[PDB]
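Student: Have a peek at protein.txt (compact mmCIF, C-alpha atoms).
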# COMPACT_ATOMS: atom_id res chain seq x y z
CA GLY I 50 2.53 -5.46 6.43
CA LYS I 51 5.40 -7.60 5.14
CA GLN I 52 4.29 -8.37 1.59
CA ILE I 53 4.67 -6.90 -1.91
CA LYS I 54 2.03 -7.26 -4.63
CA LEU I 55 2.54 -6.66 -8.35
CA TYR I 56 0.68 -6.79 -11.67
CA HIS I 57 1.78 -8.39 -14.94
CA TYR I 58 -0.58 -7.90 -17.89
CA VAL I 59 -0.72 -10.98 -20.13
CA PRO I 60 -0.82 -10.10 -23.86
CA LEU I 61 -3.69 -10.84 -26.22
CA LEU I 62 -2.73 -14.07 -27.96
CA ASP I 63 -0.88 -15.66 -25.03
CA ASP I 64 -2.63 -18.81 -23.82
CA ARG I 65 -2.61 -17.27 -20.34
CA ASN I 66 -5.38 -14.87 -21.45
CA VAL I 67 -8.15 -17.19 -20.30
CA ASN I 68 -11.31 -15.09 -20.55
CA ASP I 69 -15.05 -15.61 -20.30
CA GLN I 70 -15.47 -12.94 -22.98
CA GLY I 71 -15.62 -15.11 -26.08
CA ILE I 72 -17.84 -15.04 -29.18
CA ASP I 73 -17.05 -16.43 -32.62
CA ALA I 74 -18.03 -14.91 -35.96
CA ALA I 75 -21.25 -16.93 -35.84
CA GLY I 76 -22.10 -15.13 -32.59
CA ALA I 77 -22.01 -18.19 -30.33
CA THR I 78 -20.38 -17.61 -26.94
CA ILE I 79 -17.10 -19.52 -27.22
CA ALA I 80 -14.84 -20.17 -24.23
CA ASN I 81 -11.49 -19.17 -25.79
CA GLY I 82 -11.49 -15.41 -25.37
CA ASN I 83 -7.94 -15.00 -26.74
CA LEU I 84 -8.90 -15.62 -30.40
CA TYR I 85 -6.88 -18.66 -31.56
CA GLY I 86 -4.55 -18.40 -28.56
CA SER I 87 -1.12 -18.50 -30.25
CA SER I 88 -1.52 -22.22 -30.94
CA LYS I 89 0.91 -21.65 -33.84
CA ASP I 90 -1.06 -24.03 -36.09
CA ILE I 91 -2.35 -23.02 -39.53
CA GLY I 92 -4.74 -25.91 -39.17
CA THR I 93 -6.84 -23.85 -36.76
CA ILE I 94 -6.09 -20.12 -37.07
CA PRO I 95 -7.62 -19.71 -40.58
CA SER I 96 -10.84 -20.93 -38.97
CA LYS I 97 -10.24 -18.85 -35.83
CA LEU I 98 -9.13 -15.71 -37.66
CA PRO N 99 -18.22 29.63 87.46
CA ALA N 100 -19.06 31.55 90.61
CA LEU N 101 -17.01 33.73 92.96
CA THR N 102 -17.07 35.50 96.32
CA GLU N 103 -15.39 38.50 97.94
CA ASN N 104 -12.82 36.19 99.55
CA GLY N 105 -11.78 34.61 96.25
CA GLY N 106 -9.24 31.80 96.40
CA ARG N 107 -8.78 28.59 94.46
CA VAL N 108 -12.28 28.29 93.04
CA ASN N 109 -12.54 27.58 89.30
CA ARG N 110 -9.66 25.63 87.76
CA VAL N 111 -10.00 24.51 84.14
CA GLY N 112 -7.98 22.43 81.70
CA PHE N 113 -7.32 21.93 78.00
CA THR N 114 -6.46 19.03 75.66
CA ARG N 115 -5.28 18.55 72.03
CA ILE N 116 -6.17 15.91 69.38
CA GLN N 117 -4.03 13.95 66.89
CA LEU N 118 -4.33 13.13 63.19
CA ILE N 119 -2.53 10.60 61.01
CA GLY N 120 -2.16 10.00 57.27
CA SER N 121 -0.24 7.86 54.79
CA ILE N 122 1.28 7.81 51.31
CA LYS N 123 1.03 4.68 49.15
CA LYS N 124 1.50 3.78 45.48
CA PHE N 127 1.69 0.23 35.64
CA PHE N 128 3.62 -0.32 32.40
CA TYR N 129 3.25 -1.56 28.84
CA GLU N 130 5.69 -3.09 26.35
CA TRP N 131 5.81 -3.29 22.57
CA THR N 132 7.97 -4.72 19.80
CA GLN N 133 9.72 -2.91 16.97
CA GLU N 134 8.01 -5.23 14.48
CA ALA N 135 4.67 -4.10 15.92
CA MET N 136 5.30 -0.39 15.34
CA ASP N 137 6.93 -0.88 11.94
CA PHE N 138 4.58 -3.26 10.12
CA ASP N 139 1.48 -1.52 11.47
CA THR N 140 -0.93 0.33 9.21
CA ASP N 141 -1.30 3.32 11.55
CA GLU N 142 2.03 5.15 11.68
CA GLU N 143 0.79 7.30 14.59
CA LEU N 144 0.24 4.21 16.75
CA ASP N 145 3.00 5.22 19.16
CA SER N 146 1.36 8.61 19.71
For the file at hand, write its structure as structure tokens.
Tutor:
Amino acid sequence: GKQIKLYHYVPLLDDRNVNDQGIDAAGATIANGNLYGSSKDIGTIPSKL
Amino acid sequence: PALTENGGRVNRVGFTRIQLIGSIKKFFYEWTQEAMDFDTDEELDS
């Protein structure tokens, strides 16, 4: 054809890693599959570590 | 065809000939460079 397709793998903590695979330490299926998500806030990450 | 001792102009015959007749009488395709190039099958021309 006349098109070019690529692939760019988003890292782990980048907020672009939206995943269905999410479970917190309590075992509940959370929606944020990228751990804390590089929110850069120590108000959340200690909880989301 | 009979005859007799005297002979003479008795049995004249003829011939003919027939005729025949015949004849001779008597398709293209086009394509674009973009068609051949951006096609999946590279043997399309063949």
Student: Do you have the CA of residue 53 in chain I-CA of residue 142 in chain N distance handy?
Tutor: 18.4 Å
Student: Please report as a list in words which residues of chain I come no farther than 12 Å from chain N, using all atoms listed in the file.
Tutor: residues 50, 51 and 52 of chain I
Student: For a test of reading the model, state the distance in Å between CA of residue 87 in chain I and CA of residue 57 in chain I, rounded to one decimal.
Tutor: 18.6 Å
Student: Report the distance between CA of residue 84 in chain I and CA of residue 64 in chain I in Å, rounded to one decimal place.
Tutor: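 According to the coordinates, CA of residue 84 in chain I and CA of residue 64 in chain I are separated by 9.6 Å.
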Student: Would you pick out the contacts of residue 82 in chain I at 8 Å or less, using all atoms listed in the file, so that residues sharing its chain but fewer than 6 positions from it are not included, and give the list as a list in words?
Tutor: residues 66, 67, 68, 69, 70, 71 and 72 of chain I
